[PDB]
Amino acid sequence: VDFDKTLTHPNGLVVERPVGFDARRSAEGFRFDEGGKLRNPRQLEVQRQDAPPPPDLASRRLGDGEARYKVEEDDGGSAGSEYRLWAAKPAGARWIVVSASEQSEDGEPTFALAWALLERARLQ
């Protein structure tokens, strides 16, 4: 499974920790770093955001709602290009934002875990 421990931020953000990731609290959410000492660990952050996303981003279906997102790519190293996803979904009159990074030499990563994390998150 993808997730274990339920985490709750004072700002009302609630989400489960990705299994095998170290969790720490950030300003408006949580940061997750893949555990151990890996070559190319996935890094994720999920936060409450009150301002709307920037306009005109690509959209996708997420659960019963939508999400707006953008992926960026840059030269990395022997483990491949660096990739970073930024995505936002509405939560009432506010938003929940996930950002995630990992390298890939095989094109854009699915970011399946980041999308699952964004879908799993809610505001209380």
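Residue positions are given as counts along the sequence shown, with the first one as 1. By rigid core we mean the largest C-alpha set that fits within 1.5 Å across both forms.
Taking the root mean square of CA deviations in 5 other deposited structures of this protein after fitting on the rigid core, 81-89 and 55-63 differ, and the farther of the two is 55-63. The PDB entry records a higher mean C-alpha B factor for 26-34 than for its counterpart among 26-34 and 80-88. Look at the mean CA B-factor for 93-101 and for 63-71 in the entry; the higher one is 63-71. Sorting the modelled residues of the chain by their CA temperature factor places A121 in the middle third. The deposited CA B-factor of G107 belongs to the middle third of values across its chain.
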